[PDB]
Amino acid sequence: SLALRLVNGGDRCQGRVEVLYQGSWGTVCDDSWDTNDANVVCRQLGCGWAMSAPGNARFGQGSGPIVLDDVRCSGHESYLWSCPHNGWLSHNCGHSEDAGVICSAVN
Ligand SMILES: [Mg+2]
């Protein structure tokens, strides 16, 4: 029912995090975004371990929905949406804060 991708990284294993929610791709706010969250993304995609969890539109800004904020993974989960989060749809954040990952399998 949900899906996850990275965009604008020049490689499938780094880029801006996007989640398909209710049929539309949205971004993730960087307010609580850390390497625990990035490790979950990298594992879910088959991309190894997280080298970094860059914020502030490191891979550009999205232009539509912002679907998650305040994501707080322990780091061991198998899907980003399985981590604790404050519901769906960010009412707090703008696209200046869109979150990214860089995974070890980048090549
Ligand atoms: Mg977090």
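Read the numbers this way: they start at 1 and go in the same order the structure lists the ligands and their atoms. One is the number of the first residue; the rest follow in order along the sequence. Excluded from the calculations below are hydrogen atoms, water molecules and symmetry mates; all remaining heavy atoms, backbone and side chain alike, are included.
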*Asks:* Using 2.8 Å as the threshold, say whether any N, O or S atom from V71 sits that close to the Mg ion (ligand 1).
*Replies:*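 Here the distance criterion (N, O or S atom, under 2.8 Å) is met by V71, so yes.
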
*Asks:* Within the 3.5 Å criterion, strictly below it, is a donor on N107 or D11 matched to an acceptor on the partner's side chain?
*Replies:*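 No, no side-chain donor-acceptor pair sits under 3.5 Å.
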
*Asks:* Should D69 and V28 count as side-chain neighbours, where that means a heavy-atom distance under 4.5 Å?
*Replies:*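 No, their side chains stay 4.5 Å or more apart.
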
*Asks:* Decide, counting backbone as well as side-chain atoms, whether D37 has an N, O or S atom less than 2.8 Å from the Mg ion (ligand 1).
*Replies:*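 Yes, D37 qualifies, because one of its backbone or side-chain N, O or S atoms lies under 2.8 Å.
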
*Asks:* With rounding to the nearest 0.5 angstrom, report the OG to CG distance, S32 to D37.
*Replies:*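 Reported to 0.5 Å precision, the distance equals 8.0 Å.
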
*Asks:* Answer yes or no on whether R5 is positioned over the face of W25, meaning its NZ or CZ is under 6.0 Å from the six-membered ring centre and within 45° of the axis.
*Replies:*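 So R5 does make the cation-pi contact.
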
*Asks:* Looking at the Mg ion (ligand 1), is there an N, O or S atom belonging to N36 that lies under 2.8 Å away from it?
*Replies:*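 It does not; every qualifying atom lies at 2.8 Å or beyond.
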
